[PDB]
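Novice: Would you mind keeping the following structure in view while I ask a few things?
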Amino acid sequence: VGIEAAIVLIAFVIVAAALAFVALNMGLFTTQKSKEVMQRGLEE
Amino acid sequence: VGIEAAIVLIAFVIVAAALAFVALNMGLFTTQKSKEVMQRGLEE
Amino acid sequence: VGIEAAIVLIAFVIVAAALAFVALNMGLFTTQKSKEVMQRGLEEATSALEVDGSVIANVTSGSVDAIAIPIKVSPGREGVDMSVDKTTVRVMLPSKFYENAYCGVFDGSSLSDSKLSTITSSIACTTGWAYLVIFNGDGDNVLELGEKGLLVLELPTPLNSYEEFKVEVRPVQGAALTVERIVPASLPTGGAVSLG
Amino acid sequence: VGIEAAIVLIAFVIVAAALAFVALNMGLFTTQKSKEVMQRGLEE
């Protein structure tokens, strides 16, 4: 009974880790691009 | 007495493995699509 | 009549004992592995790594030669391993694409001083160009909180004016860092130029 | 017939207890670390 619950837990944790990786990567990229675009606006 | 319990255990573990496979596959796909859609939003 | 029943009972009890032994052994192992995997997931959640400041480039003879990208670790400590065999740096150029230009991490002993020319000149890599320089570190190849890292590219005759470049870092654990900048129109004949 | 069933029951209960111990320990640790990381984020 416990073993399958542990397997499901492992799967759900692994899914969450991938979501976190994607979220941080894209958030950092979009923050950098926002910095660049507002810098360009100030230049303009 | 033990043997049928072992068989039920094997079946339940195998079910959990299939659920985990599906969960990871679809989670990775949906994370990738979320990355793509937010990238497209930033482009727009 | 009783004796054979006792023998069957002994056999069935012995079978149950073996099943119990197997069940406890494998249950303990799988619980330990679940603990380890969720711990690793929590580790992967943190250790983001991010750009701290402005990218600064070296220009010689009217063209950009070297690029310095300042990075730091995100809140949450849990440092990122910057070893040669565990980290890969991707450089995407207008006419070139490089999958792995990482050569390693050399300690920032402050050299003679913190000049960009001194850093780009004293440090050399046997193969590849991109290396990372740690400041205020303890001498390890892991970037931790309290340590400032400056990642340097040595580019032989790329990067004229106005074209874009893309630099990506791929740690073994944590999110990949994406850096994209455009070279400004105004470039001095020498010295560092800020890329914003 | 009953005795082996009791032995299997004891084994399965003991397995569940170990799973519970691991689950509570790691859950408390991860909750504490989440508290710390969000506190650090607020500080930042």
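Identifiers for the structure tokens are assigned positionally: chains receive A, B, ... in sequence, residues are indexed from 1 per chain, and ligands are indexed from 1 in the order shown.
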Can I have chain A aligned to chain B? Use a least-squares fit on all Cα atoms paired in order and write it out as a PDB file with N, CA, C and O atoms, in the first residue's frame.
Specialist:
```
ATOM      1  N   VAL A   1      -1.357 -17.769   1.426  1.00  0.00           N
ATOM      2  CA  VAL A   1      -1.846 -16.483   1.902  1.00  0.00           C
ATOM      3  C   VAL A   1      -0.947 -15.360   1.403  1.00  0.00           C
ATOM      4  O   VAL A   1      -1.423 -14.324   0.941  1.00  0.00           O
ATOM      5  N   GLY A   2       0.363 -15.574   1.505  1.00  0.00           N
ATOM      6  CA  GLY A   2       1.302 -14.554   1.073  1.00  0.00           C
ATOM      7  C   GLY A   2       1.300 -14.334  -0.428  1.00  0.00           C
ATOM      8  O   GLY A   2       1.478 -13.208  -0.898  1.00  0.00           O
ATOM      9  N   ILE A   3       1.108 -15.405  -1.200  1.00  0.00           N
ATOM     10  CA  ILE A   3       1.319 -15.339  -2.646  1.00  0.00           C
ATOM     11  C   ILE A   3       0.327 -14.382  -3.301  1.00  0.00           C
ATOM     12  O   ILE A   3       0.704 -13.554  -4.141  1.00  0.00           O
ATOM     13  N   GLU A   4      -0.953 -14.481  -2.938  1.00  0.00           N
ATOM     14  CA  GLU A   4      -1.948 -13.595  -3.532  1.00  0.00           C
ATOM     15  C   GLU A   4      -1.716 -12.149  -3.109  1.00  0.00           C
ATOM     16  O   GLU A   4      -1.945 -11.215  -3.889  1.00  0.00           O
ATOM     17  N   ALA A   5      -1.255 -11.943  -1.874  1.00  0.00           N
ATOM     18  CA  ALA A   5      -0.897 -10.597  -1.444  1.00  0.00           C
ATOM     19  C   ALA A   5       0.241 -10.044  -2.289  1.00  0.00           C
ATOM     20  O   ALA A   5       0.225  -8.870  -2.678  1.00  0.00           O
ATOM     21  N   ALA A   6       1.232 -10.883  -2.595  1.00  0.00           N
ATOM     22  CA  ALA A   6       2.326 -10.458  -3.460  1.00  0.00           C
ATOM     23  C   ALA A   6       1.824 -10.115  -4.856  1.00  0.00           C
ATOM     24  O   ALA A   6       2.283  -9.145  -5.467  1.00  0.00           O
ATOM     25  N   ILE A   7       0.890 -10.910  -5.381  1.00  0.00           N
ATOM     26  CA  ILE A   7       0.353 -10.643  -6.714  1.00  0.00           C
ATOM     27  C   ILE A   7      -0.382  -9.308  -6.738  1.00  0.00           C
ATOM     28  O   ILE A   7      -0.218  -8.501  -7.666  1.00  0.00           O
ATOM     29  N   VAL A   8      -1.207  -9.053  -5.719  1.00  0.00           N
ATOM     30  CA  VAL A   8      -1.915  -7.780  -5.636  1.00  0.00           C
ATOM     31  C   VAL A   8      -0.924  -6.629  -5.518  1.00  0.00           C
ATOM     32  O   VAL A   8      -1.102  -5.566  -6.128  1.00  0.00           O
ATOM     33  N   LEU A   9       0.137  -6.824  -4.729  1.00  0.00           N
ATOM     34  CA  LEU A   9       1.169  -5.801  -4.605  1.00  0.00           C
ATOM     35  C   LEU A   9       1.821  -5.510  -5.947  1.00  0.00           C
ATOM     36  O   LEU A   9       2.024  -4.345  -6.307  1.00  0.00           O
ATOM     37  N   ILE A  10       2.153  -6.558  -6.703  1.00  0.00           N
ATOM     38  CA  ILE A  10       2.769  -6.369  -8.012  1.00  0.00           C
ATOM     39  C   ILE A  10       1.841  -5.576  -8.918  1.00  0.00           C
ATOM     40  O   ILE A  10       2.267  -4.631  -9.596  1.00  0.00           O
ATOM     41  N   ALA A  11       0.558  -5.937  -8.931  1.00  0.00           N
ATOM     42  CA  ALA A  11      -0.394  -5.235  -9.784  1.00  0.00           C
ATOM     43  C   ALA A  11      -0.487  -3.761  -9.408  1.00  0.00           C
ATOM     44  O   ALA A  11      -0.467  -2.879 -10.278  1.00  0.00           O
ATOM     45  N   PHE A  12      -0.575  -3.474  -8.108  1.00  0.00           N
ATOM     46  CA  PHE A  12      -0.736  -2.090  -7.677  1.00  0.00           C
ATOM     47  C   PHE A  12       0.518  -1.270  -7.957  1.00  0.00           C
ATOM     48  O   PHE A  12       0.426  -0.086  -8.302  1.00  0.00           O
ATOM     49  N   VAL A  13       1.698  -1.878  -7.813  1.00  0.00           N
ATOM     50  CA  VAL A  13       2.928  -1.174  -8.169  1.00  0.00           C
ATOM     51  C   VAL A  13       2.965  -0.882  -9.663  1.00  0.00           C
ATOM     52  O   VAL A  13       3.352   0.214 -10.085  1.00  0.00           O
ATOM     53  N   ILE A  14       2.560  -1.853 -10.486  1.00  0.00           N
ATOM     54  CA  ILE A  14       2.594  -1.651 -11.933  1.00  0.00           C
ATOM     55  C   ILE A  14       1.645  -0.533 -12.343  1.00  0.00           C
ATOM     56  O   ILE A  14       1.953   0.266 -13.237  1.00  0.00           O
ATOM     57  N   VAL A  15       0.479  -0.454 -11.701  1.00  0.00           N
ATOM     58  CA  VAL A  15      -0.476   0.614 -11.991  1.00  0.00           C
ATOM     59  C   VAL A  15       0.144   1.971 -11.679  1.00  0.00           C
ATOM     60  O   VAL A  15       0.026   2.925 -12.463  1.00  0.00           O
ATOM     61  N   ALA A  16       0.806   2.063 -10.528  1.00  0.00           N
ATOM     62  CA  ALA A  16       1.436   3.302 -10.094  1.00  0.00           C
ATOM     63  C   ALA A  16       2.524   3.728 -11.069  1.00  0.00           C
ATOM     64  O   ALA A  16       2.692   4.921 -11.335  1.00  0.00           O
ATOM     65  N   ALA A  17       3.274   2.760 -11.600  1.00  0.00           N
ATOM     66  CA  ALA A  17       4.315   3.084 -12.570  1.00  0.00           C
ATOM     67  C   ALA A  17       3.724   3.696 -13.833  1.00  0.00           C
ATOM     68  O   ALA A  17       4.266   4.669 -14.372  1.00  0.00           O
ATOM     69  N   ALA A  18       2.616   3.138 -14.325  1.00  0.00           N
ATOM     70  CA  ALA A  18       1.964   3.705 -15.502  1.00  0.00           C
ATOM     71  C   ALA A  18       1.451   5.111 -15.219  1.00  0.00           C
ATOM     72  O   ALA A  18       1.592   6.017 -16.055  1.00  0.00           O
ATOM     73  N   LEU A  19       0.856   5.312 -14.040  1.00  0.00           N
ATOM     74  CA  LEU A  19       0.401   6.651 -13.680  1.00  0.00           C
ATOM     75  C   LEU A  19       1.565   7.631 -13.641  1.00  0.00           C
ATOM     76  O   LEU A  19       1.448   8.764 -14.119  1.00  0.00           O
ATOM     77  N   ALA A  20       2.695   7.211 -13.072  1.00  0.00           N
ATOM     78  CA  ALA A  20       3.864   8.079 -13.018  1.00  0.00           C
ATOM     79  C   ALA A  20       4.371   8.410 -14.415  1.00  0.00           C
ATOM     80  O   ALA A  20       4.721   9.560 -14.701  1.00  0.00           O
ATOM     81  N   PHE A  21       4.423   7.413 -15.298  1.00  0.00           N
ATOM     82  CA  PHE A  21       4.884   7.654 -16.660  1.00  0.00           C
ATOM     83  C   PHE A  21       4.010   8.704 -17.336  1.00  0.00           C
ATOM     84  O   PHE A  21       4.509   9.677 -17.918  1.00  0.00           O
ATOM     85  N   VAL A  22       2.689   8.530 -17.236  1.00  0.00           N
ATOM     86  CA  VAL A  22       1.767   9.484 -17.852  1.00  0.00           C
ATOM     87  C   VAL A  22       1.946  10.868 -17.247  1.00  0.00           C
ATOM     88  O   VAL A  22       1.980  11.881 -17.961  1.00  0.00           O
ATOM     89  N   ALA A  23       2.062  10.932 -15.917  1.00  0.00           N
ATOM     90  CA  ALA A  23       2.162  12.217 -15.236  1.00  0.00           C
ATOM     91  C   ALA A  23       3.409  12.974 -15.663  1.00  0.00           C
ATOM     92  O   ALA A  23       3.328  14.153 -16.020  1.00  0.00           O
ATOM     93  N   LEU A  24       4.571  12.316 -15.643  1.00  0.00           N
ATOM     94  CA  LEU A  24       5.792  12.993 -16.074  1.00  0.00           C
ATOM     95  C   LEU A  24       5.728  13.403 -17.539  1.00  0.00           C
ATOM     96  O   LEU A  24       6.118  14.525 -17.886  1.00  0.00           O
ATOM     97  N   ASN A  25       5.237  12.521 -18.418  1.00  0.00           N
ATOM     98  CA  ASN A  25       5.197  12.872 -19.835  1.00  0.00           C
ATOM     99  C   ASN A  25       4.348  14.121 -20.051  1.00  0.00           C
ATOM    100  O   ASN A  25       4.806  15.103 -20.658  1.00  0.00           O
ATOM    101  N   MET A  26       3.122  14.117 -19.529  1.00  0.00           N
ATOM    102  CA  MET A  26       2.231  15.242 -19.771  1.00  0.00           C
ATOM    103  C   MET A  26       2.694  16.496 -19.041  1.00  0.00           C
ATOM    104  O   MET A  26       2.510  17.607 -19.547  1.00  0.00           O
ATOM    105  N   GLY A  27       3.299  16.349 -17.861  1.00  0.00           N
ATOM    106  CA  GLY A  27       3.817  17.511 -17.163  1.00  0.00           C
ATOM    107  C   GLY A  27       4.942  18.182 -17.922  1.00  0.00           C
ATOM    108  O   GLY A  27       4.983  19.409 -18.036  1.00  0.00           O
ATOM    109  N   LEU A  28       5.866  17.387 -18.464  1.00  0.00           N
ATOM    110  CA  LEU A  28       6.928  17.969 -19.274  1.00  0.00           C
ATOM    111  C   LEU A  28       6.358  18.658 -20.507  1.00  0.00           C
ATOM    112  O   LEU A  28       6.774  19.774 -20.852  1.00  0.00           O
ATOM    113  N   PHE A  29       5.385  18.024 -21.171  1.00  0.00           N
ATOM    114  CA  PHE A  29       4.800  18.653 -22.352  1.00  0.00           C
ATOM    115  C   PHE A  29       4.113  19.971 -22.007  1.00  0.00           C
ATOM    116  O   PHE A  29       4.268  20.967 -22.725  1.00  0.00           O
ATOM    117  N   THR A  30       3.351  20.001 -20.912  1.00  0.00           N
ATOM    118  CA  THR A  30       2.612  21.213 -20.580  1.00  0.00           C
ATOM    119  C   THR A  30       3.554  22.314 -20.108  1.00  0.00           C
ATOM    120  O   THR A  30       3.317  23.497 -20.376  1.00  0.00           O
ATOM    121  N   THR A  31       4.646  21.949 -19.431  1.00  0.00           N
ATOM    122  CA  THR A  31       5.640  22.954 -19.069  1.00  0.00           C
ATOM    123  C   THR A  31       6.287  23.552 -20.311  1.00  0.00           C
ATOM    124  O   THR A  31       6.475  24.773 -20.396  1.00  0.00           O
ATOM    125  N   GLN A  32       6.627  22.709 -21.290  1.00  0.00           N
ATOM    126  CA  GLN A  32       7.204  23.227 -22.527  1.00  0.00           C
ATOM    127  C   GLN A  32       6.228  24.150 -23.246  1.00  0.00           C
ATOM    128  O   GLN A  32       6.618  25.210 -23.753  1.00  0.00           O
ATOM    129  N   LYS A  33       4.951  23.766 -23.299  1.00  0.00           N
ATOM    130  CA  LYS A  33       3.981  24.602 -23.996  1.00  0.00           C
ATOM    131  C   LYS A  33       3.751  25.914 -23.255  1.00  0.00           C
ATOM    132  O   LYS A  33       3.539  26.957 -23.883  1.00  0.00           O
ATOM    133  N   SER A  34       3.785  25.886 -21.921  1.00  0.00           N
ATOM    134  CA  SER A  34       3.679  27.123 -21.153  1.00  0.00           C
ATOM    135  C   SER A  34       4.860  28.042 -21.430  1.00  0.00           C
ATOM    136  O   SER A  34       4.692  29.258 -21.598  1.00  0.00           O
ATOM    137  N   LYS A  35       6.066  27.474 -21.474  1.00  0.00           N
ATOM    138  CA  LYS A  35       7.236  28.252 -21.863  1.00  0.00           C
ATOM    139  C   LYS A  35       7.027  28.905 -23.221  1.00  0.00           C
ATOM    140  O   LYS A  35       7.253  30.111 -23.385  1.00  0.00           O
ATOM    141  N   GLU A  36       6.567  28.123 -24.200  1.00  0.00           N
ATOM    142  CA  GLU A  36       6.387  28.652 -25.548  1.00  0.00           C
ATOM    143  C   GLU A  36       5.337  29.756 -25.575  1.00  0.00           C
ATOM    144  O   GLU A  36       5.526  30.784 -26.235  1.00  0.00           O
ATOM    145  N   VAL A  37       4.222  29.565 -24.866  1.00  0.00           N
ATOM    146  CA  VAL A  37       3.134  30.537 -24.943  1.00  0.00           C
ATOM    147  C   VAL A  37       3.525  31.838 -24.256  1.00  0.00           C
ATOM    148  O   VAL A  37       3.183  32.927 -24.728  1.00  0.00           O
ATOM    149  N   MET A  38       4.255  31.761 -23.140  1.00  0.00           N
ATOM    150  CA  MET A  38       4.671  32.999 -22.490  1.00  0.00           C
ATOM    151  C   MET A  38       5.758  33.700 -23.299  1.00  0.00           C
ATOM    152  O   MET A  38       5.821  34.935 -23.338  1.00  0.00           O
ATOM    153  N   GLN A  39       6.608  32.927 -23.983  1.00  0.00           N
ATOM    154  CA  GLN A  39       7.565  33.533 -24.904  1.00  0.00           C
ATOM    155  C   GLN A  39       6.846  34.268 -26.028  1.00  0.00           C
ATOM    156  O   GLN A  39       7.220  35.386 -26.402  1.00  0.00           O
ATOM    157  N   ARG A  40       5.799  33.648 -26.575  1.00  0.00           N
ATOM    158  CA  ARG A  40       5.020  34.292 -27.627  1.00  0.00           C
ATOM    159  C   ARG A  40       4.312  35.536 -27.107  1.00  0.00           C
ATOM    160  O   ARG A  40       4.183  36.529 -27.827  1.00  0.00           O
ATOM    161  N   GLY A  41       3.830  35.493 -25.866  1.00  0.00           N
ATOM    162  CA  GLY A  41       3.227  36.680 -25.282  1.00  0.00           C
ATOM    163  C   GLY A  41       4.216  37.821 -25.145  1.00  0.00           C
ATOM    164  O   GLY A  41       3.900  38.973 -25.455  1.00  0.00           O
ATOM    165  N   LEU A  42       5.432  37.513 -24.687  1.00  0.00           N
ATOM    166  CA  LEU A  42       6.471  38.535 -24.611  1.00  0.00           C
ATOM    167  C   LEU A  42       6.793  39.090 -25.992  1.00  0.00           C
ATOM    168  O   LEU A  42       7.006  40.297 -26.152  1.00  0.00           O
ATOM    169  N   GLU A  43       6.832  38.219 -27.002  1.00  0.00           N
ATOM    170  CA  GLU A  43       7.011  38.671 -28.379  1.00  0.00           C
ATOM    171  C   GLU A  43       5.890  39.609 -28.811  1.00  0.00           C
ATOM    172  O   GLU A  43       6.138  40.630 -29.459  1.00  0.00           O
ATOM    173  N   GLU A  44       4.649  39.273 -28.462  1.00  0.00           N
ATOM    174  CA  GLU A  44       3.516  40.094 -28.872  1.00  0.00           C
ATOM    175  C   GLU A  44       3.531  41.436 -28.154  1.00  0.00           C
ATOM    176  O   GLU A  44       3.021  42.434 -28.677  1.00  0.00           O
TER     177      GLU A  44
END
```
Novice: Just want the 12 Å neighbourhood of residue 182 (chain C), counted on only C-alpha atoms, with same-chain residues fewer than 4 positions away dropped. Output as a PyMOL selection string.
Specialist: (chain A and resi 33+36-37+40) or (chain C and resi 55-57+64+67+93-94+159-167+186+194-196)
Novice: If you count only C-alpha atoms, which residues fall within 6 Å of region 101-109 of chain C, apart from same-chain ones fewer than 3 positions away, as a list in words?
Specialist: residues 84, 88, 89, 125, 128, 129, 130, 131, 132, 133, 134 and 135 of chain C
Novice: For those residues, write N, CA, C and O atoms to a file as an mmCIF file, in the first residue's frame.
Specialist:
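And here's out-v5.cif as it stands now:
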```
data_model
loop_
_atom_site.group_PDB
_atom_site.id
_atom_site.type_symbol
_atom_site.label_atom_id
_atom_site.label_comp_id
_atom_site.auth_asym_id
_atom_site.auth_seq_id
_atom_site.Cartn_x
_atom_site.Cartn_y
_atom_site.Cartn_z
ATOM 1 N N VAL C 84 34.447 21.984 -14.265
ATOM 2 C CA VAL C 84 34.608 21.867 -15.708
ATOM 3 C C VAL C 84 33.724 20.776 -16.285
ATOM 4 O O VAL C 84 33.105 20.972 -17.335
ATOM 5 N N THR C 88 28.249 23.524 -18.655
ATOM 6 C CA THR C 88 28.457 23.785 -20.072
ATOM 7 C C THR C 88 27.937 25.173 -20.411
ATOM 8 O O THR C 88 26.871 25.577 -19.937
ATOM 9 N N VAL C 89 28.690 25.904 -21.227
ATOM 10 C CA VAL C 89 28.331 27.257 -21.636
ATOM 11 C C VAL C 89 28.093 27.254 -23.138
ATOM 12 O O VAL C 89 28.956 26.814 -23.906
ATOM 13 N N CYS C 125 43.070 29.444 -21.277
ATOM 14 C CA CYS C 125 42.486 28.112 -21.246
ATOM 15 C C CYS C 125 43.039 27.270 -22.387
ATOM 16 O O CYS C 125 43.193 27.754 -23.512
ATOM 17 N N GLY C 128 38.856 25.955 -25.551
ATOM 18 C CA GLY C 128 37.714 26.802 -25.290
ATOM 19 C C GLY C 128 38.120 28.155 -24.734
ATOM 20 O O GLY C 128 39.285 28.422 -24.428
ATOM 21 N N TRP C 129 37.130 29.027 -24.599
ATOM 22 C CA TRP C 129 37.386 30.380 -24.128
ATOM 23 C C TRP C 129 36.687 30.721 -22.826
ATOM 24 O O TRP C 129 37.325 31.247 -21.913
ATOM 25 N N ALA C 130 35.392 30.444 -22.714
ATOM 26 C CA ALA C 130 34.616 30.949 -21.590
ATOM 27 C C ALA C 130 35.079 30.340 -20.274
ATOM 28 O O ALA C 130 35.116 29.116 -20.118
ATOM 29 N N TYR C 131 35.431 31.204 -19.324
ATOM 30 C CA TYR C 131 35.755 30.795 -17.966
ATOM 31 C C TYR C 131 35.059 31.732 -16.994
ATOM 32 O O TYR C 131 34.642 32.835 -17.353
ATOM 33 N N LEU C 132 34.933 31.279 -15.753
ATOM 34 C CA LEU C 132 34.292 32.048 -14.698
ATOM 35 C C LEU C 132 35.326 32.394 -13.639
ATOM 36 O O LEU C 132 36.184 31.568 -13.311
ATOM 37 N N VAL C 133 35.250 33.613 -13.113
ATOM 38 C CA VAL C 133 36.185 34.108 -12.110
ATOM 39 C C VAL C 133 35.395 34.420 -10.846
ATOM 40 O O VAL C 133 34.479 35.250 -10.873
ATOM 41 N N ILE C 134 35.751 33.770 -9.739
ATOM 42 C CA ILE C 134 35.054 33.943 -8.469
ATOM 43 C C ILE C 134 35.775 34.999 -7.647
ATOM 44 O O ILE C 134 37.010 35.052 -7.629
ATOM 45 N N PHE C 135 35.006 35.844 -6.975
ATOM 46 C CA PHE C 135 35.537 36.868 -6.089
ATOM 47 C C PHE C 135 34.989 36.679 -4.681
ATOM 48 O O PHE C 135 33.832 36.298 -4.491
#
```
Novice: Got a sec to pull out which chain C residues are within 6 Å of chain A, counting only C-alpha atoms, and send them as an mmCIF file with N, CA, C and O atoms, in the first residue's frame?
Specialist:
```cif
data_model
loop_
_atom_site.group_PDB
_atom_site.id
_atom_site.type_symbol
_atom_site.label_atom_id
_atom_site.label_comp_id
_atom_site.auth_asym_id
_atom_site.auth_seq_id
_atom_site.Cartn_x
_atom_site.Cartn_y
_atom_site.Cartn_z
ATOM 1 N N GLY C 41 14.778 16.954 -5.295
ATOM 2 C CA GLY C 41 13.833 17.869 -5.914
ATOM 3 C C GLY C 41 13.811 19.223 -5.232
ATOM 4 O O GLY C 41 13.796 20.265 -5.894
ATOM 5 N N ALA C 45 14.819 22.861 -6.798
ATOM 6 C CA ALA C 45 13.925 24.016 -6.768
ATOM 7 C C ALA C 45 14.698 25.314 -6.575
ATOM 8 O O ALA C 45 14.418 26.317 -7.242
ATOM 9 N N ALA C 175 18.227 26.105 -12.899
ATOM 10 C CA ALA C 175 17.773 26.645 -14.169
ATOM 11 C C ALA C 175 18.935 27.176 -14.998
ATOM 12 O O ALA C 175 19.885 27.767 -14.478
ATOM 13 N N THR C 178 19.948 32.564 -19.293
ATOM 14 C CA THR C 178 19.903 33.081 -20.654
ATOM 15 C C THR C 178 20.280 34.555 -20.659
ATOM 16 O O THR C 178 19.687 35.353 -19.926
#
```
Novice: Figure out the distance between CA of residue 115 (chain C) and CA of residue 65 (chain C), please, to one decimal in Å.
Specialist: 15.1 Å
Novice: Going by DSSP on the backbone, which bits of chain C are alpha helix (DSSP H)? Write them as a PyMOL selection string, please.
Specialist: chain C and resi 2-45+116-122
Novice: Calculate how many Å separate CA of residue 86 (chain C) from CA of residue 137 (chain C), rounding to one decimal.
Specialist: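 Between these atoms lies a distance of 19.1 Å.
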